[PDB]
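Here's the structure, in structure tokens; my notes come after.
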């Protein structure tokens, strides 16, 4: 290339190295709290007093910050500059600060974290060196005045080029420009690798985990036209929601329901993917409030797909797992809800699985059908299975009462399936 | 005669050592 291109490449690698006094009075002058004139006139010794006094308050709010006073916020860690140390030692300074900004990001409205990170800004140069994990930890506070300060320092990375017009701007970065960030296919691959790093430490907080999905919904929304764009999108989003269901936290699991239901309505996924998703929703479903959201997924997921095998019986490992976490009485209290969601295409796959696997409780299989007005083809596709079951099962009087429900409604439908298979007089002779 | 502990605590302070500090960095990854 040219000369000035290569010779500005040296400038990025020495962005923190204080060489002249004027180079120091530009680097040291920028910070989170103090303005540009009063920041340049104070020692690290002054800043360390305010930090270590503030960091002991954060240790009282939660004891997790107690460890960083041993390593980063210790008194011996004033003499160490980044630039003097080797390449292996810097990655440990990154992996401490990357572990720090996870715990810091939750208590970010509070005043002591603003005085705490500033020494880790101004001594450890995180506003130049690692500004991805600085910004990805604090990406949900875009309306707040603290993130407006964070923009007023950072030389933005090449991936955050959407916010580059909001650096040192008056008004905060607006809500749509946050979506233009997440619309990129590469910036999501950070925010996966930030989140799967954030779940492993089990410190994911409620306001953060909303703002993830409230962007991850919109990325599906802005790409609802381009079917190619969605096709390359779900190795990014569904691999989160797979790992987001593995969480112990009940709050993380409900976020996986929001992304799954939104993507399933936007793109008809395969039958095998939906049955895959329905297991992982079932498998780690423990708390109360995660169960209600989880049922409206499978309610909605089964209606998204449509094709051959739309109303197939559930597989064996799926069904008893669904009976394990969802009760057959609790599914009836669900249908009696006056919300009354469209439970239409799932239950006709649920009822057929009862008819083949369990068969002990067909009192329920009547009471399921009174509560939901079904579709036309579904009732035929049910009644074919029961007439197969009528021949095979050792004949039972409660099965006769099921057909009495269909002698009540759609009599010809009972006839036309019998005129397709078997005889008209032989079924009434069978009972 | 070997050095004791409370004099070696004075050693890492006065000599400007970070070796006590640098080992505490590489010791921890996900202590949580």
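Protein chains in written order, with the working numbering: chain U, 14 to 444; chain G, 12 to 43.
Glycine included, C-beta positions come from ideal geometry on N, C-alpha and C.
Per the coordinates, the alpha-carbon of residue 31(U) lies some 23 Å from the alpha-carbon of residue 128(U). Contacts between residue 108(U) and chain G, judged by CB atoms closer than 7 Å, involve 40 in chain order. Annotated as proximal: residue 360(U) and residue 381(U), with beta-carbon spacing under 8 Å.
A distance below 7 Å between beta-carbons, with the five flanking residues on each side excluded, links residue 344(U) to no residue of its chain. The three-state reading of DSSP puts residue 75(U) in coil, since its state is none of H, G, I, E or B.
Check the Cα spacing between residue 331(U) and each of 310(U), 366(U), 358(U), 308(U): the tightest is with 366(U). Closest option to residue 400(U), judged by alpha-carbon separation, among 362(U), 428(U), 374(U), 373(U): 428(U).
Between residue 317(U) and residue 281(U), the C-beta spacing is below 8 Å. The beta carbon of residue 139(U) sits no closer than 8 Å to any beta carbon of chain G.
Using a Cβ-Cβ cut-off of 7 Å, residue 37(G) is close to 105 of chain U, given in chain order. Comparing C-alpha distances from residue 150(U) to each of 112(U), 185(U), 170(U), 124(U) shows the shortest one belongs to 112(U). Here residue 27(U) carries a coil assignment [DSSP, helix/strand/coil].
Nearest CB-CB separation between residue 296(U) and chain G: not below the 8 Å threshold.
Residue contact with chain G for residue 194(U): absent (no Cβ-Cβ distance below 8 Å to any residue of chain G). Taking 7 Å as the cut-off between beta carbons, the residues of the region 87-105 of chain U near chain G are 87, 89, 90, 92, 93, 102, 105, in sequence order. Taking 8 Å as the threshold, the shortest C-beta distance from residue 19(G) to chain U does not fall below it.
For residue 200(U), the enclosing alpha helix (DSSP H) covers residues 200-213. Rounded to the nearest whole angstrom, the CA to CA distance from residue 413(U) to residue 303(U) is 39 Å. Its Cα nearest to that of residue 38(G), the residue 81(U) stands out among 75(U), 81(U), 71(U).
In terms of CA proximity to residue 383(U), 422(U) leads the group 158(U), 422(U), 167(U). Those residues of the region 355-374 of chain U placed with their C-beta closer than 8 Å to a C-beta in chain G do not exist.
Considering only 250(U), 241(U), 27(U), the residue with the shortest C-alpha distance to residue 142(U) is 27(U). DSSP, read as helix, strand or coil, puts residue 438(U) in helix. Cα atoms of residue 362(U) and residue 394(U): separation of roughly 10 Å, rounded to the nearest angstrom.
If only complete runs of 4 or more residues are kept, the region 240-322 of chain U shows the alpha helix (DSSP H) at 240-244, 247-258, 263-279, 284-296, 301-317, in order along the chain.
For residue 80(U), at least one C-beta of chain G is nearer than 8 Å to its own C-beta. For residue 136(U), the nearest beta carbon of chain G is not closer than 8 Å to its own beta carbon. With a threshold of 8 Å between beta carbons, residue 190(U) makes no contact with chain G. A straight-line Cα-Cα distance of about 23 Å links residue 54(U) and residue 68(U).
Excluding its 5 nearest sequence neighbours in each direction, residue 219(U) has C-beta neighbours in its own chain below 8 Å: 264, listed in chain order. A straight-line Cα-Cα distance of about 28 Å links residue 225(U) and residue 339(U). Residue 136(U) counts as buried, since no fewer than 16 other beta carbons sit within 10 angstroms of its beta carbon. Cα atoms of residue 313(U) and residue 356(U): separation of roughly 7 Å, rounded to the nearest angstrom.
Rounded to whole angstroms, the separation of the alpha carbons of residue 86(U) and residue 65(U) is 6 Å.
Under a 10 Å Cβ-count criterion, residue 122(U) is classified as exposed, with fewer than 16 other Cβ atoms of the shown protein chains found around its own Cβ. Against chain G, the beta carbon of residue 130(U) has no neighbour under 8 Å; the closest one sits roughly 18 Å away.
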